[PDB]
Protein chains: 2
Amino acid sequence: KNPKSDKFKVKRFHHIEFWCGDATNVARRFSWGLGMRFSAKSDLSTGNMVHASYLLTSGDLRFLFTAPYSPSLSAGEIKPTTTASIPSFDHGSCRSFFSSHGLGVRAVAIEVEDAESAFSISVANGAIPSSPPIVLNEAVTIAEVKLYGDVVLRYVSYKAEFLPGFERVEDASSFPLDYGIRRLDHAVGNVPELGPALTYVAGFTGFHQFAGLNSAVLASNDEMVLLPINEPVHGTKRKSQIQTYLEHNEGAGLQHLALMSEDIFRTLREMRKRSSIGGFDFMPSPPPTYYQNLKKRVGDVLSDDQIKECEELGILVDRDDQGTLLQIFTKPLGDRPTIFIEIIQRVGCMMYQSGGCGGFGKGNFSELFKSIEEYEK
Amino acid sequence: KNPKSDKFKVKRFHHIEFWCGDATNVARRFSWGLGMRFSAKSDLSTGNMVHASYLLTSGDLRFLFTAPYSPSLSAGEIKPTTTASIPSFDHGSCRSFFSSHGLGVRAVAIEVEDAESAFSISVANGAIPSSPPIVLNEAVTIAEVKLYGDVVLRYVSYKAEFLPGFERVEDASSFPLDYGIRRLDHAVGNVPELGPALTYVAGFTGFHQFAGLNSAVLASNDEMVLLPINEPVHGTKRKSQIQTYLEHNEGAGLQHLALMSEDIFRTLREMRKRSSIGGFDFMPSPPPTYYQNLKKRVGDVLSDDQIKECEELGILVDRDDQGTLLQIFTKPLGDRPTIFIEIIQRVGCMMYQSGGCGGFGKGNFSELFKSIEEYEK
Ligand SMILES: C#CCn1c(=O)c2c(C)c(C(=O)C3=C(O)CCCC3=O)ccc2n(C)c1=O
Ligand SMILES: C#CCn1c(=O)c2c(C)c(C(=O)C3=C(O)CCCC3=O)ccc2n(C)c1=O
Ligand SMILES: [Co+2]
Ligand SMILES: [Co+2]
C-alpha cells in the first residue's frame with residue numbers, strides 16, 4: 001500500500017554531506033576506498049574564506065566533505081557579504097557537531113521541485129527549521145530542517161554545476177576512478193525512540209511507511225527516497241549495536257549509507273583490494289554454511305558460480321516477495337563505532353527498477369545467526 | 001664549529017604525533033600516500049577509552065595519528081585510573097589545538113637517555129613544562145616541554161614495542177607498503193620572531209647553531225636531531241609564505257617534516273603515481289632551464305641520466321661545501337596552507353653519513369628564481 005501522500009514534490013537523493021575536521025584527508029581516503037572521482041571544490045582557491053568543501057561523485061552518488069577554516073579568515077564578513085558557498089554553514093555548528101559526534105553525516109540532501117515551498121510546507125507540518133531557503137546566484141535554492149539528532153534534511157531545487165560558487169575540478173586532479181557505485185539507495189538513522197522519530201519525519205514530509213533493533217522505513221511517493229530509522233531493543237543477550245552507536249555518537253545520528261552498485265561483484269573486488277592500503281574494511285564474512293544455505297533460498301535467482309562469487313567476496317543475500325538483495329557492510333568509516341557503509345545491488349521488480357526491491361536485508365539477521373550455529377558443528 | 005653543548009644525552013628523532021579530528025582517515029590517507037605500514041594501535045579495541053592512536057612506520061620513521069573519543073566514554077576516569085596510553089593527552093587540549101590550527105603536528109618526539117632528567121634539566125634552563133615525566137609500565141618514560149606555538153618537544157626514554165598499552169597490528173591490516181622513506185631528517189617550525197624562538201630552544205637544550213624568510217638551524221651534539229626555525233620577512237615583493245602560514249595556522253607551529261629516502265627516485269615515482277588517487281600532490285616542477293643549469297652545478301655528482309631523472313620527477317638539487325641535497329616539497333597535507341612534507345636524500349659526508357650533509361636547500365630559492373626568469377625567455 002502506497003498512499004502517495006508526499007506534501008511536496010520530491011525527486012531523488014541529491015548528495016550526502018560529511019562534516020569533517022580536515023575535508024582534504026577524508027575526501028582523499030573516501031575517493032580511493034570507494035572509487036569516487038573528485039568533481040567539484042569550494043575552498044580558498046575559489047574565494048571561499050569560510051569552509052573547505054570537496055565533492056566526490058560516482059555515477060549519481062554525490063559525497064560532499066566540508067571542514068571549517070580559521071574563523072579569523074572571515075572575521076570581517078557578515079551573512080550578506082559571506083564568501084561561503086553553502087550559506088547554512090556555521091563554524092561553531094560544525095566544530096560542535098564534530099566534537100560531539102566525530103566524523104559523520106551532517107546533511108541528507110534530496111532534490112525537490114521547489115526548496116522554498118518544501119521548506120515552508122515542512123515547517124507548517126511540524127519540521128524544526130534549521131536553515132531558511134536561500135537562493136544562490138538566482139539559480140539554486142537550498143533549505144534545511146532537522147531530521148534526527150544533529151542531522152538535517154536538506155532540500156535543493158534547481159531553476160534549470162553542483163552549487164554556485166563550486167568550481168569543476170581540473171583533469172589532472174580528477175583521476176577517473178570507478179568501482180561501479182552509481183547512487184544512494186537509502187540513508188538510515190539511529191534514534192533512541194523509533195515511534196516519535198517516525199511520527200515527526202512522516203508528519204512534515206508525508207512520506208509513507210514502506211512495506212537488537214526495531215526499524216521502519218519512510219518512503220517518498222515513487223519510493224526512490226528511502227529513510228529507514230532504527231531504535232535499540234534493550235536487555236538482549238548481545239548488546240544492541242544501535243545502543244552502542246548512540247553511546248559513542250553522543251545521541252541520534254546517521255547510521256549507514258547504502259550505495260547501489262551496478263556490479264556488486266566488481267565493486268567488492270575493487271574495494272577489498274584496497275582495504276589495507278587506505279580503503280575500507282568489511283565486516284567478518286559469513287561461515288560456509290551461509291553460502292551452502294543460499295542454494296535453497298535463492299538458487300532460482302543466482303547460479304552456483306554466482307553463489308560462489310558471493311562467498312568469495314563475503315556478500316549477503318536476502319529476498320522479498322518481489323525481489324532479491326545482495327548486500328555487504330563495511331566496518332565503521334572512522335574512529336568511532338558509529339557510521340558505516342552498505343554496498344547493495346537489487347534484482348527484480350522491473351517495470352526501470354522500483355525502489356526498495358528486495359527489502360533491506362532484515363532476514364539476514366536470522367540467516368546469519370542460524371548459519372553461525374550450524375557452522376559451529 | 002660544533003661546541004657539543006647538549007645539556008642532556010639526545011639520541012635520535014623518535015616519532016612525530018599529529019593531532020587529528022579523525023585519526024583513522026588521516027592515517028589511512030598518509031599510509032597510502034607515503035608508503036608507510038600500520039604498525040601499532042591504541043584505541044577502543046586495546047582498552048583505551050580516551051583517544052584513538054594509530055602508528056605508521058617506514059624504516060625508522062614513526063608517524064602517530066591521535067584523535068579524542070567522546071569524553072563521555074572516560075567520564076568516570078581520573079589521571080590515576082586513566083585508560084589513555086599517552087598520559088599527556090587531554091580532550092580539551094586536543095580539540096582546542098585542532099580547532100585553532102587544523103590538522104598538524106602536536107609533538108616532535110626525540111629519544112633521550114633519561115626523559116625525567118631531560119625534562120628537569122630543560123625546565124631548569126628555561127623550558128616551559130607541558131607534561132611532567134610519567135613512567136609507563138616501569139619501562140618507558142615520557143615528558144613534554146613547549147617548543148613553539150602549541151607544538152611540544154617530547155622526550156622518550158626506554159629502560160630496555162612503541163609505547164606500553166599499544167598493540168602491534170595484525171598482519172592482515174598491516175600491508176607491507178614501502179616507497180623507500182627511512183627516517184626523519186629535520187622538523188621545521190614557523191614563528192613570528194626567529195631570535196626569541198632560537199634563544200628559548202637553544203637555551204633549554206644546549207642545541208647549537210648548525211653551519212621571504214630568515215632561518216636558522218639548531219642541532220644536537222652529533223647533529224642528527226635538526227630543528228630549523230623560520231621567521232617571515234615583511235614587505236617583500238611576493239608575500240612571505242611564512243606569514244601566510246602564521247595567518248592560516250593561527251600562529252607559530254610546525255611548517256614541514258623532511259623525510260629521508262634511501263632512493264628518492266623510487267620514492268617520488270611511487271608517491272607521484274598516487275597523487276590523484278588518495279596520496280599527496282607535489283609543488284609545481286621547475287622549468288627546463290633549472291635542469292639545464294644542473295650540469296654546471298652538480299655535473300660532477302650526478303650523471304646526465306640522473307639529472308634527467310631529477311627532471312622527470314621534479315626533484316630539486318642543492319650543494320654544500322661538503323655534500324649535495326636532492327629535495328622536493330609536497331603541497332600542504334590538509335585543508336590549510338600550513339604544514340607540508342619534504343622528501344630528501346643526501347650524498348656525501350661519509351665518515352655513516354654526517355647529519356645535514358648538503359644543507360637544507362636555501363640555495364634553491366635563488367636557483368629557482370633565476371631559472372624561472374631564464375625560462376621566461
Ligand atoms: C554491520 C553490521 C551488522 N548488520 C547490519 O548492520 C545490518 C544492517 C544495517 C541491515 C540494514 O541495512 C538495515 C536497513 O537498511 C533498514 C532496516 C534495518 C537494518 O538493519 C541489514 C542487515 C544487517 N545485518 C544482517 C547485520 O548483520
Ligand atoms: C613549498 C615551497 C617553497 N619552497 C620551500 O618551501 C623550501 C623549503 C621549505 C626549504 C627547506 O626545507 C628549509 C629548511 O629545511 C630550513 C631552512 C629554511 C627552509 O626553507 C628549502 C627550499 C625551499 N624552496 C626552494 C621552496 O621553493
Ligand atoms: Co541498509
Ligand atoms: Co627542509
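Naming: A, B, ... by sequence-line order, numbering from 1 per chain. For the numbers below, each heavy atom of this structure counts, side chains included, while hydrogens, waters and symmetry mates do not. First listed ligand is number 1; within each ligand, the first listed atom is number 1.
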_Quick check on contacts: which atoms of ligand 2 are under 4.0 angstrom from a heavy atom of B/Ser215?_
17 (C), 18 (C)
*asked:* Tell me the contacting part of B/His186 for ligand 2: side chain, backbone, both, or neither, using a 4.0 Å heavy-atom threshold, strictly below.
replied: side chain
*Could you check which N/O/S atom of B/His186 is closest to the Co ion (ligand 4)?*
NE2
*How far does CE of A/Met260 sit from CD1 of A/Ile343, to the nearest 0.5 angstrom?*
11.5 Å
*Hey, would you say the A/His186 and A/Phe360 ring centroids sit under 6.0 Å apart?*
yes
*Tell me, which N, O or S atom in A/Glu342 is closest to the Co ion (ligand 3)?*
OE1
*Using heavy atoms and a threshold below 4.0 Å, how should the contact between B/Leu368 and ligand 2 be classified: side chain, backbone, both, or neither?*
side chain
_Option whose closest heavy atom lies nearest to atom 1 (C) of ligand 2, chosen from B/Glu367, B/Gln327, B/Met283_ = B/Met283
*Report the part of B/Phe329 in contact with ligand 2, treating N, CA, C, O as backbone and CB onward as side chain, heavy atoms under 4.0 Å; options are side chain, backbone, both, neither.*
side chain
_Non-neighbouring partners of B/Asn190 that pass side chain to side chain donor-acceptor pair (under 3.5 Å), sequence neighbours left out_ = B/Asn230
*So, do A/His15 and A/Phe63 have ring centers that fall under 6.0 Å from each other?*
no
*Give the atoms of ligand 2, by number and element, whose distance to some non-hydrogen atom of B/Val188 is under 4.0 Å.*
15 (O)
*Is any N, O or S atom of B/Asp185 under 2.8 Å away from the Co ion (ligand 4)?*
no
*Hey, is B/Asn230 touching ligand 2 through its side chain, its backbone, both or neither, going by heavy atoms under 4.0 Å?*
side chain
*Please determine if B/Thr330 has a nitrogen or oxygen closer than 3.5 Å to a nitrogen or oxygen of ligand 2.*
no
*Using 4.0 Å as the upper bound for N to carboxylate O, is an ion pair formed by A/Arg297 and A/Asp318?*
yes
_Tell me every residue that passes side-chain contact (heavy atoms from CB on, under 4.5 Å) with A/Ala202, counting only those two or more places apart in sequence or in another chain._
A/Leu218
*Give yes if a backbone or side-chain nitrogen or oxygen of B/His256 is under 3.5 Å from a nitrogen or oxygen of ligand 2, and no if not.*
yes
*Are A/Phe30 and A/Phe18 an aromatic pair by the rule of ring centers under 6.0 Å?*
yes
*Think B/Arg29 forms a cation-pi with B/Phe280, using NZ or CZ under 6.0 Å from the six-ring centre and within 45 degrees of its axis?*
yes
